[PDB]
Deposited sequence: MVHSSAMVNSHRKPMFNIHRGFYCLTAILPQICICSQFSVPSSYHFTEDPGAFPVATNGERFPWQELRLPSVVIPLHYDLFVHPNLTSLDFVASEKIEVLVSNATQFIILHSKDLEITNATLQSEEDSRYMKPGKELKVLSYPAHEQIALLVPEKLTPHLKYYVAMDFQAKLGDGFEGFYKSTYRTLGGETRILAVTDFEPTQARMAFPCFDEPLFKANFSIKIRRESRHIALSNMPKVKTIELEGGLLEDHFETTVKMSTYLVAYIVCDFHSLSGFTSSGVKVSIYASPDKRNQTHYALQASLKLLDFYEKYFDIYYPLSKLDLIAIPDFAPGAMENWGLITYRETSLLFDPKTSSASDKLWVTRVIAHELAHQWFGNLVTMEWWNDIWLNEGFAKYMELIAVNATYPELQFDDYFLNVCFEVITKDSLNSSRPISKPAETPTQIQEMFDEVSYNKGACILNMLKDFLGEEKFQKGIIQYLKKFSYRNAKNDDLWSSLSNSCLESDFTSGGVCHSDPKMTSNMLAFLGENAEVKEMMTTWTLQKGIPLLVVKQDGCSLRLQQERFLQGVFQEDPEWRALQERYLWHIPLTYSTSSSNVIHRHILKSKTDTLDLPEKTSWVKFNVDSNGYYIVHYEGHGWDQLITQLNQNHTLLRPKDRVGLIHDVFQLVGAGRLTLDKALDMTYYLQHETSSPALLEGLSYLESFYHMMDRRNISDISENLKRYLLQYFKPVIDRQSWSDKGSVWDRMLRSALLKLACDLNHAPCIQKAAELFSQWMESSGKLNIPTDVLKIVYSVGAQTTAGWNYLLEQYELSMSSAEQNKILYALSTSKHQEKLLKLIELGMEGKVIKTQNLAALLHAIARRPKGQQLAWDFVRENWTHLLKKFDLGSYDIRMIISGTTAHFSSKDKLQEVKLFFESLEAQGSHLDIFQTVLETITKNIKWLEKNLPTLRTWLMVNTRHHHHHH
């Protein structure tokens, strides 16, 4: 059946017919940034394979005002077309006056027009503030996955690749950028200019990009000769120096490591003021939030440098993983994002081992594990339909899990072989698509005894959840039993590569597992064993018997005898098993004693995290007596290291991150001295009128302290609008989130709604920040629940924005009462609401919360009191 105002639709499927295959777009956009809209024409060189009457492609909010098919053989210029718009599938069918013929090349041509978008999607309008307080406008695209069609009509599936020839018309006040380099710029009649860009290589629609704006750049060349340029508001060209250095080191590494050159003459990276994702891998023109690309030493901290390094690396890696080789469809999106998420590790560990991103990467893995230990989780690879569904596909799973099961795989196979694995894969599908199975098939084949790695990774990508491996030790035999891990089913098995160590030799014993159960014998009775070394593998281990107690003693006697990743891992698994019911809370809490001997910031920081977390559970909930004791326990223990910390920025990355960590905890716990220090720095900074320089590492801290007085918080807010640093602003915003006055918080949320002072793009993060504080957890929940309508105007569901605006304000709940209001709110969301897999997850998570409490609350109380004594 069909629409719009009559007639019927030749196609009842939201996928496009393979019959009409596109080979080339000729695309021309004439935007106006006063008019705030664009006119455009396109020209598509199709090729039919089966004769047909109609031609089917995507379009969304596009007014089409001319449609013609032309002929190469057949019909000279130019037969007219009958345009049929079926919005429910964001499609339009073309009607021909005569059957088309197989095996020949046609030309589809349309003129179309629209206003620039309001969103962060399609061909939208963004603004920024100048050093002089001027507000300026730019026009910009963001297409992944299904918004390419909101800009120009086209065959908008990742498989229909093509060459794109893009022409942009613009006033002289502006520049035009697009994926490719710029051939010529002809001056049109009355002043207006027109830019012609190099025809692209073959590539999917979601990767087309074009921008008009008046940014300035910083250019440089890679050893292999690409012109990397950094782009950003004119008053921000100084923040773009690091982006350049890194881009460069990083593209070099990639071309070498992948052994495949970056195809394009130049690569661009631009800092977009209003930008929803963190960044976008548009071939040859990658877009970034300012916080993901800009860096100013006066204002950007270590973690900052690390973050932007990360994302720059993550995005260059896409030029290969996704760009050059694209997953065939959205179910295997993980192929792009999981592989890119991983390569981050390799390249950054490669080019910047001083960031020690290695000791970090695990966090990626853990944090997903937290989400993959619920029934409401899913497989890395899963089928996808509605645009919305697809948007959901961009999550912690496709990213982190996919990235985690890759580093695990790499461990089993070895870098040498693994690296070889990918150079093959990439080279094989250069400039084309590839399937889920394709990856594995090309990795596992890097006689005649056969790499069956397939079967293995196949159980990983195709079933929900994560494995828990319990081990029993009776002298010299170990009972390895596997199960699905859950946080308080049947029918799951994993070809799960095991690893472990023994007290004696610190040598690594490997051994694969595929049967539900198996046993193994130990060449010498031993003290303790430790499965999953360096935590390089995607599963949990439980130690029944004295297995846990042994390892914990070891930790108190001589922890160095344990891998600092094993140490880090043990801490993870211990605390996770408490939730898993397998353990009692005192055992974990007890491990956390040896921490006064721990110097590995990774482990030390993890440890504290769990401690610091319970404090925040206790605090939200009114639960005074425990939060107050846990506060006292933290200030008391750990006081040595806490007292050692400097209000400077000296030391390695981990060193500075640990400082920020500690000094924060201290001040967040009202530690008399520390907060005096901060309050002083702030009062100097304010009364000196910005002049004083607060070290970037205590910056967020000082600001948030100073934020408690009405004087400060008002100066911080005004200072916010005036800041030329996204990073500072970021930290200021947080600092404004630490106020105790409801109205003050409410203000922020409104200012973020308005989107003038506080960019809408910050609304979720902001909400989330408030929701965490005791004071704001209600304010926040009221607001979302009360404004779901207007919010849904601002953002798509399910954008990461909506997805996070939902969980951010509710996932932290842990009472019966609230679990209802949420449960009931999600029922309510059921019109345009229903349905997001986040609805589920959030509930399951709130429940888990409630449980942990009743199950382990009292146990926490005593443990603390046992210390007081």
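- The deposited sequence has C-alpha coordinates everywhere except the stretches 1 to 53, 127 to 129, 503 to 527, 570 to 580, 962 to 967.
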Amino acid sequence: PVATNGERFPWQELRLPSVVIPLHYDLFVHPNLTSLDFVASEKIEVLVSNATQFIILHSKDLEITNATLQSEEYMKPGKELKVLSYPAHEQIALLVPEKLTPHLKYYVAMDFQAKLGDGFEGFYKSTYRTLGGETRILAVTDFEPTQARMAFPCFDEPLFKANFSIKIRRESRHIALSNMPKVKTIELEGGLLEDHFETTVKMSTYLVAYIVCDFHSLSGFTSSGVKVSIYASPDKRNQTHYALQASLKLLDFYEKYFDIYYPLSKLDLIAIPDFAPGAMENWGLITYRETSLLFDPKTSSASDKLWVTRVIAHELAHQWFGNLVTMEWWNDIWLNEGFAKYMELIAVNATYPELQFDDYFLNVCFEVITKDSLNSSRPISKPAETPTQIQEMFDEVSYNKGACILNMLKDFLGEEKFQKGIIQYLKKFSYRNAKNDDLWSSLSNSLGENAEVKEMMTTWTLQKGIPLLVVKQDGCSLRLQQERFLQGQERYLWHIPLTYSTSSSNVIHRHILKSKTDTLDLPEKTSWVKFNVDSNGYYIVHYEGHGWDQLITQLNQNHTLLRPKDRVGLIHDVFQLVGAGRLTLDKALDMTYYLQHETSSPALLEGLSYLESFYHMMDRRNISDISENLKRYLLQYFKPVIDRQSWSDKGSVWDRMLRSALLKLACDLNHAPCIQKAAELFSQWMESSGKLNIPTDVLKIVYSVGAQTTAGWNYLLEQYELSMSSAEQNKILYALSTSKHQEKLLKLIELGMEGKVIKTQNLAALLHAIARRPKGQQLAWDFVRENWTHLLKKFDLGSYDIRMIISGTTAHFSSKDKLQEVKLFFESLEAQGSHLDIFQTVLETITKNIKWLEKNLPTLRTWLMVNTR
From here on, numbers count along this sequence of modelled residues.
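- When the two stretches 775 to 783 and 210 to 218 are set side by side, the higher mean Cα temperature factor goes to 775 to 783.
- Once the C-alpha B-factors are averaged per stretch, 274 to 282 and 98 to 106 rank with 98 to 106 first.
- Residue-level inspection of the entry shows that, of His812, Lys816, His30, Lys60, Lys816 has the top Cα B-factor.
- In this entry, the residue among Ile806, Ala40, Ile64, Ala51 with the greatest C-alpha B factor is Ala51.
- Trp494 sits in the highest third of its chain by CA B factor, as recorded in the PDB entry.
- Per-chain ranking of the deposited C-alpha B factor places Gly690 in the highest third.
- In the deposited entry, the Cα temperature factor of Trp460 sits in the top third of values across the chain's modelled residues.
- Sort the modelled residues of the chain by CA B factor and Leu763 lands in the lowest third.
- When all modelled residues of the chain are sorted by CA temperature factor, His572 is found within the middle third.
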